[PDB]
Amino acid sequence: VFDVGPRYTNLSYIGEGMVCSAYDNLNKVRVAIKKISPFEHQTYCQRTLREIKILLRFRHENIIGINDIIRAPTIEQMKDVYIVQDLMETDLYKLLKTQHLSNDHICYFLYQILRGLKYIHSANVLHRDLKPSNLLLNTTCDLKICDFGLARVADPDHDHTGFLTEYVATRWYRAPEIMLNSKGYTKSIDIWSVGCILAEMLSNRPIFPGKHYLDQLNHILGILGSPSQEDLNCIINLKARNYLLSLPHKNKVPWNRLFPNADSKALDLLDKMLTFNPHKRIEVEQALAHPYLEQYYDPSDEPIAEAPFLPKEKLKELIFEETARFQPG
Ligand SMILES: Cc1cccc(Nc2nc(Nc3ccc(CC(=O)O)cc3)ncc2C(N)=O)c1
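Positions 18 to 33, 37 to 329, 338 to 357 (the entry's author numbering) are the ones given, in order, by the sequence shown.
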């Protein structure tokens with residue numbers, strides 16, 4: 018049951037709440053709708069409150085926006101919530117598992133990813149779950165970052181934690197520091213993902229397909245090779261450092277080897293993005309200004325945010349209030 022009033026008609030399943041494609045009789049165009057009703061499960065409401073707030077605040081060409089939201093007129097009657105967004109032709113995930121991207125395509129995709137990330141980060145926000153399935157693409161290959169479900173506000177000061185700390189974000193694109201002593205409250209956590217995403221656009225397959233928590237880590241050290249003495253020193257947590265030391269030595273696999281068909285500049289940037297020590301990992305602005313993206317880099321055309329961005341009763345009430353602007357009057 019997809020009850021989205023009269024304005025939106027001609028429904029049809031799209032993916033998995038439930039996402040469908042409807043025609044906007046008011047905009048003479050088609051759009052996508054996402055049905056959400058996790059209210060029962062508190063462990064699924066704050067994620068809806070976060071994204072809505074972050075997505076309405078954000079305004080960027082490379083970031084998906086909310087064109088409209090649907091819900092009951094009263095908090096009592098409000099059950100399901102319908103978020104409406106622009107309908108894209110596909111995503112990086114489906115494209116990677118069927119198409120071969122040319123160097124020019126990779127360059128453009130990388131640029132659009134970083135351009136929007138720059139805005140996200142400029143608003144002191146971390147995406148934390150960037151990956152192909154979260155990058156929508158239209159027929160002309162324009163890219164848009166989506167799903168700020170796990171996004172948070174940067175909090176570098178309180179990013180340290182013990183060894184083997186549970187993490188939600190997709191395993192394959194998790195930064196090595198996450199399985200060691202990082203809680204994921206630093207902007208470098210997003211650059212690492214963009215990194216993994218680059219490698220994937222090069223060989224059409226995830227770079228570090230870990231099978232489990234540690235498998236992700238041992239899969240990373242496989243290419244980068246054992247972390248240097250300096251990088252380890254940075255790590256203070258005894259449990260974490262001793263694990264890296266217990267591990268056998270691993271040589272570094274040369275990028276020009278994993279992707280001999282890649283572009284040297286791109287590989288040079290891939291190197292900066294996939295750095296074991298987060299503190300030395302390149303920044304988004306430094307990535308946009310990298311020689312690889314030289315034909316696109318334009319700081320004046322790369323907007324930044326204008327300013328830095338619960339019981340089972342408040343979340344519903346809060347979400348209800350955050351969705352009022354889309355109600356008549
Ligand atoms: C499958 C799925 C899962 C989660 C969200 C969407 N939603 C969206 N889907 C599209 N087009 C879209 C339609 C189909 C696919 C996969 C395929 O090739 O069949 C990928 C993207 N465009 C925008 C959104 C959006 N704004 O949410 C689609």
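Each residue gets a CB set at the ideal place from its N, CA and C atoms; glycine is no exception.
1. Rank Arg77, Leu121, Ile165, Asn154 by C-alpha distance to the C-alpha of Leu137 and give the top, closest one.
2. Which of helix, strand or coil does DSSP assign to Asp111?
3. Comparing the CB of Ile31 with every heavy atom of ligand 1, is any distance shorter than 6 angstroms?
4. Would you say the beta carbon of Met108 is closer than 6 angstroms to some non-hydrogen atom of ligand 1?
5. What is the rounded straight-line gap between the Cα of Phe228 and the Cα of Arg70?
6. Please classify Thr159 as buried or exposed, where buried requires at least 16 neighbouring CB atoms within 10 angstroms.
7. Can you tell me whether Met221 is helix, strand or coil according to DSSP?
8. So the candidates are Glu186, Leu218, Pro176; which of them puts its Cα closest to the Cα of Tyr205?
9. Taking 6 angstroms as the cut-off, is the beta-carbon of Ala260 closer than that to any non-hydrogen atom of ligand 1?
10. Check whether the Cβ atoms of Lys272 and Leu290 lie closer than 7 angstroms to each other.
11. Cβ atoms of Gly37 and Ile53: under 7 angstroms apart, would you say?
12. Around the Cβ of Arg135, are there at least 16 other Cβ atoms within 10 angstroms (buried) or fewer (exposed)?
13. Can you tell me the Cβ-Cβ gap for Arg194 and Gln236, rounded? I've got them flagged as a contact below 8 angstroms.
14. Helix, strand or coil: how does DSSP classify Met199 here?
15. Is any non-hydrogen atom of ligand 1 found closer than 6 angstroms to the C-beta of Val39, if you look at the structure I gave you?
16. Going straight from the alpha carbon of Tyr128 to that of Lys48, what length do you get?
17. Return yes when the Cβ of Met221 is within less than 7 angstroms of the Cβ of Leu156, no when it is not.
18. Identify every run of the alpha helix (DSSP H) within the region 111 to 176, keeping only runs that are complete inside it and at least 4 residues long; order them along the chain.
19. Starting from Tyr187 and walking both ways along the alpha helix (DSSP H), at which residues does that stretch end?
20. Which of helix, strand or coil does DSSP assign to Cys254?
21. In three-state terms, what does DSSP make of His310?
Concretely, from the data shown:
1. Counting from one through the sequence shown, the residue named residue 137 turns up at place 117. Nearest option by C-alpha distance: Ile165.
2. If you number the sequence shown from 1, residue 111 lands on position 91. In this structure, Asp111 counts as strand in the three-state DSSP scheme.
3. Taking the first residue of the sequence shown as 1, we reach residue 31 at position 14. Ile31: yes, Cβ under 6 angstroms from ligand 1.
4. One-based indexing of the sequence shown puts residue 108 at position 88. Flag set: Cβ of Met108 near ligand 1.
5. Sequence index remark: in the sequence shown, residue 228 carries index 208 (1-based). Sequence index remark: in the sequence shown, residue 70 carries index 50 (1-based). Those two C-alpha atoms are separated by around 29 angstroms.
6. Along the sequence shown, one-based indexing puts residue 159 at 139. So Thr159 ends up on the exposed side.
7. Reading the sequence shown from its first residue, position 201 is the one you call residue 221. Per DSSP, reduced to three states, the secondary structure at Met221 is helical.
8. To locate residue 205, count along the sequence shown from 1; it is residue 185. Among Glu186, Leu218, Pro176, the Cα nearest to that of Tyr205 is on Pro176.
9. For the purposes of this step, residue 260 is identified with residue 240 of the sequence shown, where counting begins at 1. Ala260: no, Cβ never under 6 angstroms from ligand 1.
10. In the sequence shown, the residue the question calls residue 272 occupies position 252. In the sequence shown, the residue the question calls residue 290 occupies position 270. Between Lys272 and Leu290, the CB-CB gap reaches or exceeds 7 angstroms.
11. As a working mapping, residue 53 is identified with position 33 in the sequence shown. As a working mapping, residue 37 is identified with position 17 in the sequence shown. For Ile53 and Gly37, no; Cβs fall outside 7 angstroms.
12. Working through the sequence shown from its first residue, we reach residue 135 at position 115. With 16 or more Cβ atoms within 10 Å of its Cβ, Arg135 is classed as buried.
13. Within the sequence shown, residue 194 is the residue found at index 174, counting from 1. Within the sequence shown, residue 236 is the residue found at index 216, counting from 1. The distance from the Cβ of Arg194 to that of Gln236 is about 6 angstroms, consistent with a contact at the 8 angstroms cut-off.
14. For this step, residue 199 is matched to residue 179 along the sequence shown. Three-state result, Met199: helix.
15. Locating residue 39 in the sequence shown gives position 19, where the first residue counts as 1. Yes, since a heavy atom of ligand 1 falls inside the 6 angstroms radius drawn around the Cβ of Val39.
16. Translated into the one-based positions of the sequence shown, residue 128 becomes position 108. Translated into the one-based positions of the sequence shown, residue 48 becomes position 28. Going from the Cα of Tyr128 to the Cα of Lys48 covers about 29 angstroms.
17. Taking the first residue of the sequence shown as 1, we reach residue 156 at position 136. Taking the first residue of the sequence shown as 1, we reach residue 221 at position 201. Their beta carbons are not under 7 angstroms apart, which means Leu156 does not touch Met221 by this criterion.
18. Entirely contained in the region 111 to 176, the alpha helix (DSSP H) runs reaching 4 residues are, in chain order, 112 to 116, 123 to 142.
19. The sequence position of residue 187 within the sequence shown is 167, counting from 1. Taken as a continuous stretch (DSSP letters only), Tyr187 belongs to no alpha helix (DSSP H), as it is neither H nor E.
20. As a working mapping, residue 254 is identified with position 234 in the sequence shown. Helix, per DSSP.
21. By one-based count along the sequence shown, residue 310 stands at place 290. Three-state DSSP puts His310 in coil, outside helix and strand.
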